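A.B. asks: Sharing query_31.cif (mmCIF, C-alpha atoms and all ligand atoms) below.
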```
data_input
#
loop_
_atom_site.label_atom_id
_atom_site.label_comp_id
_atom_site.auth_asym_id
_atom_site.auth_seq_id
_atom_site.Cartn_x
_atom_site.Cartn_y
_atom_site.Cartn_z
CA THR S 322 320.36 118.50 36.47
CA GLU S 323 319.81 120.97 33.64
CA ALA S 324 321.31 124.47 33.29
CA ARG S 325 324.84 123.35 34.09
CA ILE S 326 328.26 124.08 32.59
CA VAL S 327 331.13 121.73 33.42
CA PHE S 328 334.76 122.55 32.64
CA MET S 329 337.35 119.78 32.80
CA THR S 330 341.07 119.99 32.05
CA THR S 331 343.85 117.47 31.59
CA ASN S 332 347.41 117.23 30.32
CA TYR S 333 347.17 113.67 28.94
CA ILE S 334 344.03 113.38 26.83
CA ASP S 335 345.09 109.86 25.82
CA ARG S 336 344.43 108.78 29.42
CA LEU S 337 340.74 109.72 29.21
CA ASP S 338 338.27 106.95 28.49
CA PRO S 339 336.29 107.70 25.31
CA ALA S 340 333.04 107.25 27.24
CA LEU S 341 334.01 110.09 29.59
CA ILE S 342 334.53 112.54 26.72
CA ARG S 343 331.69 112.02 24.26
CA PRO S 344 329.35 114.43 22.45
CA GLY S 345 326.84 114.89 25.25
CA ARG S 346 329.21 114.68 28.18
CA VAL S 347 331.81 117.02 26.63
CA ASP S 348 330.39 119.14 23.82
CA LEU S 349 333.66 120.92 22.94
CA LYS S 350 337.26 119.72 23.07
CA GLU S 351 339.99 122.29 22.45
CA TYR S 352 343.78 122.01 22.38
CA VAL S 353 345.79 124.60 24.32
CA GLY S 354 349.30 124.01 23.02
CA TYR S 355 352.67 125.70 22.92
CA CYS S 356 353.33 129.22 21.68
CA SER S 357 353.11 130.30 18.05
CA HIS S 358 354.47 133.33 16.21
CA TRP S 359 351.26 135.33 16.65
CA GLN S 360 350.96 134.22 20.27
CA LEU S 361 354.52 135.32 21.05
CA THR S 362 353.94 138.65 19.30
CA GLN S 363 350.79 139.32 21.32
CA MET S 364 352.50 138.29 24.56
CA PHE S 365 355.39 140.67 23.87
CA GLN S 366 353.02 143.51 23.02
CA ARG S 367 351.03 142.94 26.21
CA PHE S 368 354.09 142.72 28.46
CA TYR S 369 355.85 145.80 26.99
CA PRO S 370 353.07 148.18 25.88
CA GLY S 371 354.33 151.06 23.77
CA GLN S 372 357.15 149.49 21.79
CA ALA S 373 357.09 149.40 18.01
CA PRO S 374 355.40 146.33 16.47
CA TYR J 215 300.70 85.80 35.39
CA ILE J 216 298.62 84.91 38.45
CA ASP J 217 296.65 82.14 36.72
CA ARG J 218 299.90 80.35 35.81
CA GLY J 219 301.98 80.97 38.94
CA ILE J 220 304.64 82.99 37.11
CA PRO J 221 306.09 85.76 39.30
CA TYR J 222 304.73 89.14 38.25
CA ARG J 223 308.09 90.70 37.40
CA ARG J 224 309.89 91.81 34.28
CA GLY J 225 313.36 93.05 33.44
CA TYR J 226 314.91 94.77 30.46
CA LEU J 227 318.48 95.20 29.26
CA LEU J 228 319.67 97.87 26.83
CA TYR J 229 323.22 97.39 25.56
CA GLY J 230 325.33 99.12 22.94
CA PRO J 231 328.15 101.57 22.33
CA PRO J 232 328.04 104.71 24.48
CA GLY J 233 325.99 107.70 23.41
CA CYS J 234 323.42 105.82 21.32
CA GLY J 235 320.37 106.59 23.45
CA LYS J 236 319.90 104.16 26.33
CA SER J 237 319.46 106.57 29.24
CA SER J 238 317.52 109.06 27.10
CA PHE J 239 315.16 106.31 25.97
CA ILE J 240 314.67 105.18 29.56
CA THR J 241 313.76 108.73 30.57
CA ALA J 242 311.38 109.06 27.63
CA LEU J 243 309.77 105.71 28.47
CA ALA J 244 309.31 106.72 32.11
CA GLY J 245 307.65 109.90 30.90
CA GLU J 246 305.40 108.02 28.47
CA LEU J 247 304.29 105.42 31.02
CA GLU J 248 303.79 108.09 33.73
CA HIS J 249 306.12 106.08 35.96
CA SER J 250 308.94 107.24 38.21
CA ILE J 251 312.58 106.16 38.21
CA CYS J 252 314.34 104.64 41.22
CA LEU J 253 318.07 105.04 40.62
CA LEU J 254 320.04 102.22 42.25
CA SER J 255 323.84 102.26 42.45
CA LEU J 256 325.08 98.70 42.86
CA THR J 257 328.68 99.82 43.45
CA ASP J 258 327.84 101.76 46.61
CA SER J 259 329.41 101.46 50.06
CA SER J 260 326.31 101.06 52.25
CA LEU J 261 324.64 98.48 49.99
CA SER J 262 324.37 94.92 51.32
CA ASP J 263 322.43 91.88 50.14
CA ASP J 264 319.74 92.28 52.79
CA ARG J 265 319.56 96.02 52.13
CA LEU J 266 319.30 95.35 48.40
CA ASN J 267 316.44 92.91 48.96
CA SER H 375 314.95 115.43 0.24
CA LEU H 376 317.39 117.41 2.38
CA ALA H 377 317.17 114.82 5.15
CA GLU H 378 317.87 111.99 2.71
CA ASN H 379 320.81 113.90 1.24
CA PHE H 380 322.22 114.56 4.71
CA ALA H 381 321.86 110.92 5.75
CA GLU H 382 323.49 109.64 2.57
CA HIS H 383 326.40 112.08 2.87
CA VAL H 384 326.97 111.23 6.54
CA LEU H 385 326.93 107.50 5.83
CA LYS H 386 329.37 108.02 2.95
CA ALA H 387 331.75 110.13 5.04
CA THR H 388 331.82 108.16 8.30
CA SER H 389 330.95 104.51 8.87
CA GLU H 390 330.02 104.47 12.59
CA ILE H 391 328.26 107.65 13.74
CA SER H 392 326.49 107.74 17.04
CA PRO H 393 323.30 109.79 17.57
CA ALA H 394 325.11 111.86 20.20
CA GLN H 395 327.66 112.97 17.60
CA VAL H 396 324.85 113.89 15.20
CA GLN H 397 323.18 115.89 17.97
CA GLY H 398 326.42 117.74 18.64
CA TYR H 399 326.92 118.42 14.94
CA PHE H 400 323.43 119.92 14.78
CA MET H 401 324.22 121.88 17.95
CA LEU H 402 327.01 123.53 15.97
CA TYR H 403 324.71 124.63 13.12
CA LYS H 404 321.66 126.00 14.92
CA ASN H 405 318.85 127.22 12.64
CA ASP H 406 321.04 126.59 9.58
CA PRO H 407 319.96 123.46 7.70
CA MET H 408 322.04 124.35 4.64
CA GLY H 409 325.20 124.58 6.75
CA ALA H 410 324.50 121.14 8.20
CA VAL H 411 323.94 119.66 4.74
CA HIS H 412 327.10 121.40 3.51
CA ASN H 413 329.70 120.62 6.19
CA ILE H 414 329.41 116.84 6.35
CA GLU H 415 333.17 116.44 5.87
CA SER H 416 333.86 117.84 9.35
CA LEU H 417 332.37 114.60 10.72
CA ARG H 418 335.07 112.46 9.09
CA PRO H 419 337.11 110.55 11.74
CA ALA B 55 310.30 109.48 60.77
CA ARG B 56 310.80 105.85 59.68
CA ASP B 57 307.73 105.82 57.40
CA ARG B 58 306.95 107.26 53.99
CA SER B 59 303.75 108.37 55.73
CA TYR B 60 306.00 110.87 57.49
CA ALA B 61 307.12 112.33 54.16
CA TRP B 62 303.59 112.56 52.76
CA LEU B 63 302.19 114.04 55.98
CA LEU B 64 305.01 116.57 56.22
CA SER B 65 304.32 117.64 52.64
CA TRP B 66 300.61 117.95 53.38
CA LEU B 67 301.37 119.99 56.50
CA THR B 68 303.54 122.30 54.41
CA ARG B 69 300.72 122.77 51.91
CA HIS B 70 297.67 122.96 54.20
CA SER B 71 298.77 125.13 57.12
CA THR B 72 296.21 127.97 56.75
CA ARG B 73 297.99 131.24 57.70
CA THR B 74 300.37 129.65 60.21
CA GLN B 75 302.97 132.15 61.42
CA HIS B 76 305.47 129.75 63.03
CA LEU B 77 307.18 128.59 59.86
CA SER B 78 310.73 127.58 58.95
CA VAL B 79 312.53 128.22 55.68
CA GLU B 80 313.54 125.59 53.11
CA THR B 81 315.56 126.73 50.09
CA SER B 82 315.29 124.70 46.89
CA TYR B 83 316.07 125.19 43.21
CA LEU B 84 312.95 125.30 41.04
CA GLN B 85 313.35 124.85 37.29
CA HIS B 86 311.12 127.31 35.45
CA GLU B 87 309.37 126.39 32.22
CA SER B 88 311.58 128.94 30.45
CA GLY B 89 314.51 126.54 30.87
CA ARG B 90 316.38 128.27 33.71
CA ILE B 91 316.45 127.59 37.44
CA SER B 92 315.75 130.07 40.24
CA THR B 93 315.80 129.83 44.02
CA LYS B 94 312.47 128.83 45.58
CA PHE B 95 311.72 130.02 49.12
CA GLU B 96 309.48 127.37 50.68
CA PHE B 97 308.15 127.65 54.23
CA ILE B 98 307.55 124.60 56.42
CA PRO B 99 305.85 124.99 59.83
CA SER B 100 308.63 125.20 62.39
CA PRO B 101 308.53 122.92 65.46
CA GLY B 102 305.75 123.87 67.83
CA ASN B 103 302.01 123.55 68.34
CA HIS B 104 299.88 124.53 65.34
CA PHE B 105 296.09 124.55 65.07
CA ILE B 106 294.00 123.80 61.97
CA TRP B 107 290.25 123.64 61.29
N1 LIG P 1 318.57 108.13 19.54
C1 LIG P 1 318.76 109.35 20.05
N2 LIG P 1 317.87 110.32 19.76
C2 LIG P 1 318.06 111.54 20.26
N3 LIG P 1 319.04 111.98 21.05
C3 LIG P 1 319.91 111.00 21.33
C4 LIG P 1 319.85 109.69 20.88
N4 LIG P 1 320.92 108.95 21.37
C5 LIG P 1 321.59 109.82 22.09
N5 LIG P 1 321.04 111.07 22.11
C6 LIG P 1 321.54 112.24 22.81
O1 LIG P 1 322.85 111.95 23.27
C7 LIG P 1 323.05 112.53 24.58
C8 LIG P 1 323.37 111.44 25.56
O2 LIG P 1 322.65 110.25 25.18
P1 LIG P 1 322.37 109.10 26.23
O3 LIG P 1 322.64 109.55 27.61
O4 LIG P 1 320.97 108.57 25.99
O5 LIG P 1 323.38 107.97 25.79
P2 LIG P 1 323.66 106.46 26.20
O6 LIG P 1 324.04 105.63 25.05
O7 LIG P 1 322.46 105.99 27.00
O8 LIG P 1 324.85 106.63 27.23
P3 LIG P 1 325.13 106.47 28.78
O9 LIG P 1 324.70 105.04 29.10
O10 LIG P 1 326.57 106.75 29.08
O11 LIG P 1 324.15 107.43 29.45
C9 LIG P 1 321.79 113.33 24.89
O12 LIG P 1 321.95 114.69 24.51
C10 LIG P 1 320.73 112.63 24.04
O13 LIG P 1 319.68 113.52 23.68
MG MG P 2 323.51 105.92 30.44
#
```
Please express what this file holds, its structure, as structure tokens.
C.D. replies:
Amino acid sequence: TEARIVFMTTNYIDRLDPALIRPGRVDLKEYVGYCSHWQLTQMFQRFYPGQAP
Amino acid sequence: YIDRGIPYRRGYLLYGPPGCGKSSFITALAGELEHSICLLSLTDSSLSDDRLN
Amino acid sequence: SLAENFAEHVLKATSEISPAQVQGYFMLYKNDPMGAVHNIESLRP
Amino acid sequence: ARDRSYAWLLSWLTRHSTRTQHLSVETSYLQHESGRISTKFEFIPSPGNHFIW
């Protein structure tokens, strides 16, 4: 059916058959990985609002 | 077909790597021929040989 | 000529491109033919 | 209810029912030509005795 958005998540992308994730079954694949310097900075600023940068 | 005794049936097979346009072409062909599509799932649980016939 | 250029560049970059991948690539660059003809290299495996 | 005639006749009863006021609801999703889908409120004559001309 048309007008449908499907979100799927996994921790082991290597276990997904390439036919399951193909351009027309999954139109966008994004990697949500570990923290980075900017990510840690933003997390600290959000958890302790008011402190100096 | 009738004048030669051949059964009046035909079957087609589309094969290839995934995402190259088999299902889309079948839908387009059904639209062009003004036919309908009867989706049959062979690997069902209620499907038997007599029921398939 | 743009279509021929795009096809030649895609065939030079990747060797086995499925029509679904091409459709997705066009989905990225909506109403921007020049962007599609420019960013072929993103299709490299 | 074991015949496709039942389906066709039920559909025809839904369509041609004059101004019958003993209906029952049937919710379905109707895809508009604009590309989106909206709820369709369809009324089928509820069980009872109905009269046509
Ligand atoms: N030749 C083609 N022309 C246009 N669009 C195509 C073509 N091949 C694939 N697509 C597009 O790719 C997507 C999925 O394609 P399709 O379902 O036909 O693939 P397939 O090879 O039949 O795979 P599957 O058997 O898993 O369904 C759709 O968005 C469809 O429009
Ligand atoms: Mg298919």
A.B. asks: May I have the residues within 9 Å of segment 89-97 of chain B as an mmCIF file with C-alpha atoms, in the coordinates of the input, using all atoms listed in the file and disregarding those fewer than 5 positions away in the same chain?
C.D. replies:
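selection_27.cif, written as the output of this step:
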```cif
data_model
loop_
_atom_site.group_PDB
_atom_site.id
_atom_site.type_symbol
_atom_site.label_atom_id
_atom_site.label_comp_id
_atom_site.auth_asym_id
_atom_site.auth_seq_id
_atom_site.Cartn_x
_atom_site.Cartn_y
_atom_site.Cartn_z
ATOM 1 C CA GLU S 323 319.810 120.970 33.640
ATOM 2 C CA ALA S 324 321.310 124.470 33.290
ATOM 3 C CA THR B 68 303.540 122.300 54.410
ATOM 4 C CA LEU B 77 307.180 128.590 59.860
ATOM 5 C CA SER B 78 310.730 127.580 58.950
ATOM 6 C CA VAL B 79 312.530 128.220 55.680
ATOM 7 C CA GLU B 80 313.540 125.590 53.110
ATOM 8 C CA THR B 81 315.560 126.730 50.090
ATOM 9 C CA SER B 82 315.290 124.700 46.890
ATOM 10 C CA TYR B 83 316.070 125.190 43.210
ATOM 11 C CA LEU B 84 312.950 125.300 41.040
#
```
A.B. asks: When you get a sec, could you note down which chain J residues fall within 9 Å of chain H, using only C-alpha atoms, as a PyMOL selection string?
C.D. replies: chain J and resi 231-235
A.B. asks: Counting all atoms listed in the file, name the residues that have an atom within 12 Å of an atom of ligand LIG 1 (chain P); the answer should be given as a ChimeraX atom specification.
C.D. replies: /S:323,338-348 /J:227-243 /H:391-401
A.B. asks: Which of these residues is nearest to chain S, using only C-alpha atoms: B:88, B:75, B:59, B:100?
C.D. replies: B:88
A.B. asks: Could you work out how far atom CA of residue 66 of chain B lies from atom CA of residue 105 of chain B, giving the answer in Å with one decimal?
C.D. replies: 14.2 Å
A.B. asks: Counting all atoms listed in the file, figure out which residue out of S:322, S:331, S:357, S:363 gets nearest to chain B.
C.D. replies: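 Smallest separation from chain B among the options: S:322.
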A.B. asks: So what do you get for atom CA of residue 403 of chain H versus atom CA of residue 417 of chain H, distance-wise?
C.D. replies: 12.8 Å
A.B. asks: Can you work out which one of S:373, S:365, S:358, S:350 has the shortest atom-to-atom distance to chain H, counting all atoms listed in the file?
C.D. replies: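 Smallest separation from chain H among the options: S:350.
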A.B. asks: Which value, in Å to one decimal, gives the distance between atom CA of residue 351 of chain S and atom CA of residue 382 of chain H?
C.D. replies: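 Atom CA of residue 382 of chain H lies 28.8 Å from atom CA of residue 351 of chain S.
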A.B. asks: Which residue, S:333, S:364, S:349, S:328, has the smallest gap to chain H when you use all atoms listed in the file?
C.D. replies: S:349
A.B. asks: Taking 5 positions as the minimum chain separation for residues in the same chain, which residues sit within 10 Å of residue 419 of chain H when counting only C-alpha atoms? Answer as a list in words.
C.D. replies: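 Counting only the stated atoms, we get residues 387, 388, 389, 390 and 391 of chain H.
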A.B. asks: Contacts of residue 386 of chain H at 10 Å or less, counting all atoms listed in the file, minus same-chain residues fewer than 5 places along, as a VMD selection string?
C.D. replies: chain H and resid 380 to 381 414 to 415 418
A.B. asks: Nearest to ligand MG 2 (chain P) among J:253, J:258, J:245, J:220, with distances taken over only C-alpha atoms and all ligand atoms: which residue is it?
C.D. replies: J:253
